[PDB]
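Q: Let me give you the structure first, and then I'll get to my questions.
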Amino acid sequence: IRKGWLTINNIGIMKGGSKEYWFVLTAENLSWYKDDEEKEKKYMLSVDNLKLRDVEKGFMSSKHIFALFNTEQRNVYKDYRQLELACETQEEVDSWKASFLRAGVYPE
């Protein structure tokens, strides 16, 4: 449905620090890659059982930040905490939120 680069702010101490990843969004699954060639296949999460929320001032929010969180568990699989995503512009945040909603993600 939508593809682009997104920075993940929540990464564990073993690999901590915000990092930019290539993301592919479809109606069925969310697939994250370290490359735009879509070969790494870092981790995947299903579209459903997820919801979109805003974020608090817990990060140096020089970017436009929104969070996709698991409604069944406390964290995203193969990830640290919930998937807080930072965009270069606010339009990217709104576009991604709309894309996730169309894919099947539900509002908080």
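Just so we're aligned, residue 521 is where the sequence shown starts under PDB author numbering, counting upward by one.
All C-beta atoms, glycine included, are put in the ideal place defined by N, C-alpha and C.
1) 7 Å is my cut-off, CB to CB: does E611 come that close to chain B?
2) How about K571 and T546: are their beta carbons less than 7 Å apart?
3) With contact counted as at least three CB pairs below 8 Å, one residue from each stretch, are the segment 530-538 and the segment 554-561 in contact?
4) Could you check whether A606 and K583 sit closer than 7 Å to each other, using their CB atoms as the reference points?
5) Assign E548 to buried or exposed, taking buried as 16 or more other Cβ atoms, counted over all protein chains shown, within 10 Å of its Cβ.
6) Please tell me whether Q602 and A623 are closer than 7 Å, where the distance is taken between their beta carbons.
A: Based on what the coordinates show:
1) In summary, chain B is missing from the structure at hand, where a single protein chain is found.
2) Here residue 571 refers to the residue found at position 51 of the sequence shown. Here residue 546 refers to the residue found at position 26 of the sequence shown. Contact: no.
3) Verdict: no, contact absent.
4) Looking up residue 583 in the sequence shown gives position 63. Looking up residue 606 in the sequence shown gives position 86. Against a cut-off of 7 Å, the Cβ pair of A606 and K583 comes out as a contact.
5) Within the sequence shown, numbered from 1, the residue matching residue 548 stands at position 28. It is exposed - the Cβ of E548 has fewer than 16 other Cβ atoms within 10 Å.
6) Locating residue 602 in the sequence shown gives position 82, counting from the first residue. Locating residue 623 in the sequence shown gives position 103, counting from the first residue. No, Cβ-Cβ distance for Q602 and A623 is not below 7 Å.
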